[PDB]
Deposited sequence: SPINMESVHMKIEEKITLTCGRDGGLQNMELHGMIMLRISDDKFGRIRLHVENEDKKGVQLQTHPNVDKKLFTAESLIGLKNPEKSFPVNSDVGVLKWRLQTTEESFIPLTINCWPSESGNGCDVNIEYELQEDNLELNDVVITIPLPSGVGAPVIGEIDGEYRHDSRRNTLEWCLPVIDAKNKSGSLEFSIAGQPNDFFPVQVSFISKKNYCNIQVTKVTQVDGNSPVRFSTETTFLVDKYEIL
């Protein structure tokens, strides 16, 4: 609802697409993000957004075609090419976008290490690499052989859900913080190593993967600070271990 938003409001959304070999190698990682700006009062039509960038991943940034590229490059401010022009009112504008594509394992936010071993014992663990992130509702979905009953769960951090129809074991949580970077799950079921792949990972973070934030908004005329709100989300398109 507009009542929950300041008259200057930004939605900052990122999506990750990631494929990993079970060996731990990164086959492909793609990150896409954008800042969507929404103004509900022409009083704030002629503003500049102050963008704080603490990212060292080599993310590629692209400004909206109406946005002053040199201003952003030199001053990390988002403003229109024509300062006298107003941003649209009650209409979303993608003022900034970014992209990262890479095969450097160092950039994996959350590594997954699944080791089946033969009466199969499966041991799987995660480790949070980016201490910046706080991951909620993490579900690690593990496929299972069919026709051989339920898996028998041993030591586990967090909880699970076994689905007989889908032949899956969903491994849920614990909250994954920089204070609690790692956890593991062990279970057994009659099968072969390949039965347990591809492993799927799902989560939703309220902190962006890219260390990019809007910290201030000012009037073009007179540079006065302006109230603003933000909604930040980091979502998974694909996160699979092959």
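Unmodelled region of the deposited chain sequence (numbering from residue 1): 119-121 only.
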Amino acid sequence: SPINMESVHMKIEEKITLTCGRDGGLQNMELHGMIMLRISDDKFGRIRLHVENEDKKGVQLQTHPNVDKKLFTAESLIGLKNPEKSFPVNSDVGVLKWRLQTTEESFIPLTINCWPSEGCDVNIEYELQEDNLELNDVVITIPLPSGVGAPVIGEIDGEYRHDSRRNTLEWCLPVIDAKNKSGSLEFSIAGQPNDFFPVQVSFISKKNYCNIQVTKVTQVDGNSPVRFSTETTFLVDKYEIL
From here on, numbers count along this sequence of modelled residues.
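Mean C-alpha B-factor is higher over 203-211 than over the other stretch, the pair under comparison being 59-67 and 203-211.
The stretch with the higher mean CA B factor, choosing between 104-112 and 165-173, is 104-112. Comparing the C-alpha B-factors of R46, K181, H32, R38 in the entry, the top value falls on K181. The maximum CA B-factor among the listed residues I78, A74, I140, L135, taken from the PDB record, is found at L135.
The entry lists a Cα temperature factor for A190 that places it in the middle third of the chain's modelled residues. Compared with the other modelled residues of the chain, the Cα B-factor recorded for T233 ranks in the highest third. Among all modelled residues in its chain, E155 ranks in the middle third by Cα B-factor. Among all modelled residues in its chain, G94 ranks in the lowest third by Cα B-factor. In the deposited entry, the Cα temperature factor of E54 sits in the middle third of values across the chain's modelled residues.
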